[PDB]
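Q: Below is the file target_4.cif, with mmCIF, N, CA and C atoms.
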data_model
#
loop_
_atom_site.label_atom_id
_atom_site.label_comp_id
_atom_site.auth_asym_id
_atom_site.auth_seq_id
_atom_site.Cartn_x
_atom_site.Cartn_y
_atom_site.Cartn_z
N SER A 1 0.83 -1.20 0.00
CA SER A 1 0.00 0.00 0.00
C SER A 1 0.87 1.25 0.00
N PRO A 2 0.34 2.37 -0.51
CA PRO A 2 1.07 3.65 -0.38
C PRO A 2 1.55 3.91 1.04
N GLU A 3 0.77 3.52 2.06
CA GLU A 3 1.21 3.73 3.44
C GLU A 3 2.48 2.94 3.75
N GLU A 4 2.53 1.68 3.33
CA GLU A 4 3.74 0.90 3.57
C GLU A 4 4.90 1.38 2.70
N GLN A 5 4.60 1.89 1.50
CA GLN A 5 5.61 2.54 0.66
C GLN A 5 6.28 3.69 1.40
N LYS A 6 5.47 4.61 1.93
CA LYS A 6 6.02 5.72 2.71
C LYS A 6 6.75 5.22 3.94
N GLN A 7 6.14 4.27 4.67
CA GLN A 7 6.77 3.78 5.89
C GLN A 7 8.14 3.19 5.58
N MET A 8 8.26 2.48 4.45
CA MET A 8 9.54 1.88 4.10
C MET A 8 10.57 2.94 3.78
N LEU A 9 10.20 3.92 2.94
CA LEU A 9 11.08 5.06 2.69
C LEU A 9 11.40 5.82 3.98
N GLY A 10 10.42 5.96 4.87
CA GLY A 10 10.70 6.53 6.18
C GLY A 10 11.80 5.79 6.92
N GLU A 11 11.82 4.45 6.82
CA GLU A 11 12.85 3.68 7.50
C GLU A 11 14.25 4.08 7.05
N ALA A 12 14.41 4.44 5.78
CA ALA A 12 15.71 4.90 5.31
C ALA A 12 15.97 6.37 5.66
N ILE A 13 14.92 7.18 5.73
CA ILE A 13 15.10 8.62 5.93
C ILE A 13 15.36 8.94 7.40
N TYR A 14 14.66 8.24 8.31
CA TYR A 14 14.72 8.51 9.75
C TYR A 14 16.13 8.62 10.31
N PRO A 15 17.06 7.67 10.11
CA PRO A 15 18.40 7.83 10.71
C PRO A 15 19.16 9.01 10.15
N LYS A 16 18.96 9.33 8.88
CA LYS A 16 19.60 10.51 8.32
C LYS A 16 19.05 11.77 8.99
N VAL A 17 17.74 11.85 9.16
CA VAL A 17 17.16 12.96 9.92
C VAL A 17 17.67 12.98 11.35
N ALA A 18 17.72 11.81 12.01
CA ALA A 18 18.09 11.78 13.42
C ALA A 18 19.52 12.23 13.65
N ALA A 19 20.40 12.00 12.67
CA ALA A 19 21.79 12.44 12.79
C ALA A 19 21.91 13.95 12.94
N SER A 20 20.91 14.73 12.50
CA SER A 20 20.97 16.17 12.76
C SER A 20 19.89 16.67 13.72
N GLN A 21 18.79 15.93 13.92
CA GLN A 21 17.73 16.33 14.85
C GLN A 21 17.31 15.13 15.69
N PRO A 22 18.15 14.71 16.65
CA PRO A 22 17.87 13.46 17.36
C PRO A 22 16.61 13.49 18.20
N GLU A 23 16.18 14.65 18.68
CA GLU A 23 14.94 14.73 19.45
C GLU A 23 13.71 14.76 18.56
N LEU A 24 13.74 15.51 17.47
CA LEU A 24 12.57 15.71 16.62
C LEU A 24 12.54 14.81 15.40
N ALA A 25 13.49 13.88 15.27
CA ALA A 25 13.58 13.06 14.06
C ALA A 25 12.25 12.38 13.71
N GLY A 26 11.55 11.83 14.71
CA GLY A 26 10.30 11.15 14.42
C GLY A 26 9.27 12.07 13.79
N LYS A 27 9.12 13.26 14.36
CA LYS A 27 8.16 14.22 13.84
C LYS A 27 8.61 14.80 12.51
N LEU A 28 9.89 15.17 12.40
CA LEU A 28 10.36 15.76 11.15
C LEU A 28 10.30 14.75 10.00
N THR A 29 10.68 13.49 10.27
CA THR A 29 10.57 12.46 9.24
C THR A 29 9.12 12.30 8.78
N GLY A 30 8.19 12.20 9.73
CA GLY A 30 6.79 12.06 9.38
C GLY A 30 6.28 13.20 8.54
N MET A 31 6.68 14.44 8.86
CA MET A 31 6.29 15.57 8.03
C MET A 31 6.79 15.39 6.60
N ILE A 32 8.07 15.03 6.47
CA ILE A 32 8.71 14.88 5.17
C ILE A 32 8.03 13.78 4.37
N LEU A 33 7.50 12.76 5.05
CA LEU A 33 6.86 11.63 4.39
C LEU A 33 5.57 12.02 3.67
N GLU A 34 5.09 13.25 3.84
CA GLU A 34 4.00 13.73 2.99
C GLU A 34 4.41 13.79 1.52
N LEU A 35 5.69 14.03 1.25
CA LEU A 35 6.14 14.26 -0.11
C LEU A 35 6.01 12.98 -0.95
N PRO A 36 5.93 13.12 -2.27
CA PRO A 36 5.78 11.93 -3.12
C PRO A 36 7.07 11.13 -3.16
N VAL A 37 6.92 9.87 -3.57
CA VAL A 37 8.01 8.90 -3.45
C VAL A 37 9.22 9.36 -4.25
N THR A 38 9.00 9.93 -5.44
CA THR A 38 10.12 10.38 -6.26
C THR A 38 10.93 11.45 -5.54
N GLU A 39 10.26 12.35 -4.84
CA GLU A 39 10.96 13.37 -4.07
C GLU A 39 11.68 12.74 -2.88
N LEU A 40 11.05 11.77 -2.20
CA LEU A 40 11.71 11.11 -1.08
C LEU A 40 12.96 10.38 -1.54
N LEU A 41 12.88 9.71 -2.69
CA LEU A 41 14.07 9.06 -3.23
C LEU A 41 15.15 10.09 -3.52
N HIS A 42 14.75 11.28 -3.98
CA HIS A 42 15.72 12.35 -4.19
C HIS A 42 16.40 12.77 -2.89
N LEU A 43 15.63 12.91 -1.81
CA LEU A 43 16.22 13.28 -0.52
C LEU A 43 17.19 12.21 -0.02
N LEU A 44 16.90 10.94 -0.30
CA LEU A 44 17.83 9.90 0.12
C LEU A 44 19.10 9.94 -0.71
N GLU A 45 19.02 10.42 -1.95
CA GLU A 45 20.21 10.47 -2.78
C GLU A 45 21.06 11.70 -2.52
N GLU A 46 20.45 12.81 -2.11
CA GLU A 46 21.16 14.09 -1.99
C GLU A 46 21.05 14.56 -0.55
N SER A 47 22.13 14.41 0.23
CA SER A 47 22.07 14.78 1.64
C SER A 47 21.72 16.26 1.82
N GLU A 48 22.20 17.13 0.93
CA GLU A 48 21.89 18.54 1.10
C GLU A 48 20.44 18.86 0.75
N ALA A 49 19.80 18.05 -0.09
CA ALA A 49 18.37 18.20 -0.30
C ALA A 49 17.59 17.76 0.94
N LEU A 50 17.99 16.63 1.56
CA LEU A 50 17.34 16.20 2.80
C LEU A 50 17.52 17.24 3.90
N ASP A 51 18.76 17.70 4.09
CA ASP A 51 19.04 18.75 5.07
C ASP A 51 18.13 19.96 4.89
N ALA A 52 17.94 20.42 3.64
CA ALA A 52 17.10 21.60 3.46
C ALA A 52 15.65 21.28 3.77
N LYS A 53 15.19 20.08 3.42
CA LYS A 53 13.84 19.70 3.79
C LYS A 53 13.69 19.60 5.31
N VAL A 54 14.74 19.15 6.00
CA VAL A 54 14.67 19.06 7.45
C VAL A 54 14.57 20.46 8.05
N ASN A 55 15.32 21.41 7.49
CA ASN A 55 15.29 22.78 8.00
C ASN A 55 13.94 23.41 7.78
N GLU A 56 13.35 23.18 6.60
CA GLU A 56 12.01 23.68 6.31
C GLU A 56 11.00 23.12 7.30
N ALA A 57 10.99 21.79 7.47
CA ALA A 57 10.07 21.18 8.41
C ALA A 57 10.29 21.72 9.82
N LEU A 58 11.54 21.97 10.19
CA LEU A 58 11.83 22.56 11.50
C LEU A 58 11.14 23.91 11.65
N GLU A 59 11.20 24.74 10.61
CA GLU A 59 10.64 26.09 10.70
C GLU A 59 9.12 26.05 10.69
N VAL A 60 8.55 25.14 9.90
CA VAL A 60 7.10 24.96 9.89
C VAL A 60 6.63 24.49 11.25
N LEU A 61 7.35 23.55 11.85
CA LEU A 61 6.94 23.01 13.14
C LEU A 61 7.01 24.07 14.23
N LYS A 62 8.11 24.83 14.26
CA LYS A 62 8.25 25.89 15.25
C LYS A 62 7.15 26.94 15.13
N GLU A 63 6.84 27.38 13.90
CA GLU A 63 5.75 28.33 13.70
C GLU A 63 4.42 27.74 14.18
N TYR A 64 4.21 26.44 13.96
CA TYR A 64 2.99 25.78 14.40
C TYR A 64 2.86 25.79 15.92
N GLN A 65 3.98 25.62 16.63
CA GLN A 65 3.94 25.41 18.07
C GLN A 65 4.21 26.68 18.87
N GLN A 66 4.72 27.73 18.24
CA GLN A 66 4.92 29.03 18.88
C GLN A 66 3.78 29.97 18.53
N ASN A 67 3.83 30.52 17.31
CA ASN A 67 2.81 31.42 16.77
C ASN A 67 2.94 31.47 15.24
N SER B 3 4.08 26.21 3.44
CA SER B 3 4.85 25.09 2.90
C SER B 3 3.92 23.94 2.52
N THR B 4 4.46 22.97 1.78
CA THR B 4 3.74 21.73 1.54
C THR B 4 3.77 20.80 2.74
N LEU B 5 4.72 20.98 3.66
CA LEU B 5 4.84 20.12 4.82
C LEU B 5 3.79 20.48 5.87
N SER B 6 3.19 19.45 6.50
CA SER B 6 2.19 19.77 7.50
C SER B 6 2.75 19.50 8.89
N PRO B 7 2.68 20.47 9.82
CA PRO B 7 3.10 20.19 11.19
C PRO B 7 2.13 19.29 11.93
N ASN B 8 1.02 18.95 11.30
CA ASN B 8 0.05 18.00 11.80
C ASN B 8 0.37 16.56 11.38
N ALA B 9 1.51 16.32 10.71
CA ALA B 9 1.87 14.97 10.27
C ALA B 9 2.13 14.02 11.44
N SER B 10 1.88 12.74 11.18
CA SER B 10 2.13 11.69 12.16
C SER B 10 3.63 11.51 12.40
N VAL B 11 4.01 11.33 13.67
CA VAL B 11 5.38 10.96 13.99
C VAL B 11 5.73 9.66 13.28
N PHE B 12 6.87 9.63 12.59
CA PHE B 12 7.35 8.36 12.03
C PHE B 12 7.88 7.45 13.13
N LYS B 13 7.47 6.19 13.09
CA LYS B 13 7.94 5.20 14.06
C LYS B 13 8.63 4.07 13.32
N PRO B 14 9.92 3.83 13.54
CA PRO B 14 10.57 2.69 12.89
C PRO B 14 10.09 1.37 13.47
N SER B 15 10.09 0.34 12.64
CA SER B 15 9.82 -1.02 13.08
C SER B 15 11.07 -1.64 13.71
N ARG B 16 10.88 -2.75 14.41
CA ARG B 16 12.02 -3.59 14.77
C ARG B 16 11.59 -5.05 14.74
N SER B 17 12.59 -5.92 14.65
CA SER B 17 12.37 -7.37 14.55
C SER B 17 11.75 -7.93 15.83
#
Could you show the structure in this file as structure tokens?

A:
Amino acid sequence: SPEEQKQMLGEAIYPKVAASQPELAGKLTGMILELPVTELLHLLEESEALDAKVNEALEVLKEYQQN
Amino acid sequence: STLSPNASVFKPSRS
């Protein structure tokens, strides 16, 4: 299913996210998993693309939880 | 953004 597709890609993305955000990795990975599979495969191939997506999700999350 | 702060926390599986 698409859900297991995302979950499987999440399994590869999570440790890369956790290496820079060990506390928020679960939440940041889940946010990123909204993206389509082709984009997720791109993030797994390009560490600087994943990093920028992590930073974006960080800023979206902070705005959500602050103001 | 396209990212939602309402997204589910990702949980890894284990054996």

Q: Find the residues near residue 13 (chain B): any atom within 8 Å, counting only N, CA and C atoms, skip ones fewer than 4 places away on the same chain, and give them as a CSV table (one decimal) with N, CA and C atoms, in the frame of the given file.

A:
chain,number,residue,atom,x,y,z
A,7,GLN,N,6.1,4.3,4.7
A,7,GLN,CA,6.8,3.8,5.9
A,7,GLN,C,8.1,3.2,5.6
A,10,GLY,N,10.4,6.0,4.9
A,10,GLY,CA,10.7,6.5,6.2
A,10,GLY,C,11.8,5.8,6.9
A,11,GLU,N,11.8,4.4,6.8
A,11,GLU,CA,12.8,3.7,7.5
A,11,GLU,C,14.2,4.1,7.0
A,25,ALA,N,13.5,13.9,15.3
A,25,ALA,CA,13.6,13.1,14.1
A,25,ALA,C,12.2,12.4,13.7
A,26,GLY,N,11.6,11.8,14.7
A,26,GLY,CA,10.3,11.2,14.4
A,26,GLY,C,9.3,12.1,13.8
A,27,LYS,N,9.1,13.3,14.4
A,27,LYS,CA,8.2,14.2,13.8
A,27,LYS,C,8.6,14.8,12.5
A,29,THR,N,10.7,13.5,10.3
A,29,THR,CA,10.6,12.5,9.2
A,29,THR,C,9.1,12.3,8.8
A,30,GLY,N,8.2,12.2,9.7
A,30,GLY,CA,6.8,12.1,9.4
A,30,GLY,C,6.3,13.2,8.5

Q: Expanded to explicit residues, what is the PyMOL selection byres ((chain B and resi 5) around 7) for this file, as a PyMOL selection string?

A: (chain A and resi 31-32+34+57+60) or (chain B and resi 3-4+6-9)

Q: Care to translate the PyMOL selection byres (((chain A and resi 36 and name CA) around 12) and name CA) into actual residues of this file, as a list in words?

A: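 Given this file, the PyMOL selection byres (((chain A and resi 36 and name CA) around 12) and name CA) evaluates to residues 2, 3, 5, 6, 9, 10, 31, 32, 33, 34, 35, 37, 38, 39, 40, 41, 42 and 43 of chain A; 4 and 5 of chain B.
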
Q: Given the file shown, enumerate the residues that the PyMOL selection byres (((chain A and resi 12-18 and name CA) around 8) and name CA) captures and present them as a list in words.

A: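 Applied to this file, the PyMOL selection byres (((chain A and resi 12-18 and name CA) around 8) and name CA) selects residues 8, 9, 10, 11, 19, 20, 21, 22, 23, 24, 25, 26, 28, 29, 44, 50, 51 and 54 of chain A; 12 and 14 of chain B.
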
Q: Atom C of residue 63 (chain A) and CA of residue 4 (chain A) are how many Å apart?

A: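 Interatomic distance here is 28.9 Å.
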
Q: Go ahead and compute the interatomic distance for atom N of residue 10 (chain B) and atom N of residue 48 (chain A), in Å to one decimal.

A: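 Separation of atom N of residue 10 (chain B) and atom N of residue 48 (chain A): 23.2 Å.
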
Q: Starting from the incomplete input, reconstruct N, CA, C and O atoms of chain B and write that as a CSV table (one decimal), in the frame of the given file.

A:
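As written to disk, out-v6.csv reads:
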chain,number,residue,atom,x,y,z
B,3,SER,N,4.1,26.2,3.4
B,3,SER,CA,4.8,25.1,2.9
B,3,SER,C,3.9,23.9,2.5
B,3,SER,O,2.7,24.0,2.9
B,4,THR,N,4.5,23.0,1.8
B,4,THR,CA,3.7,21.7,1.5
B,4,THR,C,3.8,20.8,2.7
B,4,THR,O,2.9,19.9,2.9
B,5,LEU,N,4.7,21.0,3.7
B,5,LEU,CA,4.8,20.1,4.8
B,5,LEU,C,3.8,20.5,5.9
B,5,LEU,O,3.5,21.7,6.1
B,6,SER,N,3.2,19.4,6.5
B,6,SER,CA,2.2,19.8,7.5
B,6,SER,C,2.8,19.5,8.9
B,6,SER,O,3.3,18.4,9.2
B,7,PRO,N,2.7,20.5,9.8
B,7,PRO,CA,3.1,20.2,11.2
B,7,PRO,C,2.1,19.3,11.9
B,7,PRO,O,2.4,18.9,13.1
B,8,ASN,N,1.0,19.0,11.3
B,8,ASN,CA,0.0,18.0,11.8
B,8,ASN,C,0.4,16.6,11.4
B,8,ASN,O,-0.4,15.6,11.7
B,9,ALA,N,1.5,16.3,10.7
B,9,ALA,CA,1.9,15.0,10.3
B,9,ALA,C,2.1,14.0,11.4
B,9,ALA,O,2.6,14.4,12.5
B,10,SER,N,1.9,12.7,11.2
B,10,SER,CA,2.1,11.7,12.2
B,10,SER,C,3.6,11.5,12.4
B,10,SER,O,4.4,11.5,11.5
B,11,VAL,N,4.0,11.3,13.7
B,11,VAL,CA,5.4,11.0,14.0
B,11,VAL,C,5.7,9.7,13.3
B,11,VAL,O,5.0,8.7,13.4
B,12,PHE,N,6.9,9.6,12.6
B,12,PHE,CA,7.4,8.4,12.0
B,12,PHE,C,7.9,7.4,13.1
B,12,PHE,O,8.7,7.9,14.0
B,13,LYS,N,7.5,6.2,13.1
B,13,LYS,CA,7.9,5.2,14.1
B,13,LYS,C,8.6,4.1,13.3
B,13,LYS,O,8.0,3.4,12.5
B,14,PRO,N,9.9,3.8,13.5
B,14,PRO,CA,10.6,2.7,12.9
B,14,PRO,C,10.1,1.4,13.5
B,14,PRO,O,9.7,1.3,14.6
B,15,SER,N,10.1,0.3,12.6
B,15,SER,CA,9.8,-1.0,13.1
B,15,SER,C,11.1,-1.6,13.7
B,15,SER,O,12.2,-1.1,13.6
B,16,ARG,N,10.9,-2.8,14.4
B,16,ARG,CA,12.0,-3.6,14.8
B,16,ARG,C,11.6,-5.0,14.7
B,16,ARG,O,10.4,-5.4,14.8
B,17,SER,N,12.6,-5.9,14.6
B,17,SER,CA,12.4,-7.4,14.6
B,17,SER,C,11.8,-7.9,15.8
B,17,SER,O,12.3,-7.7,16.9
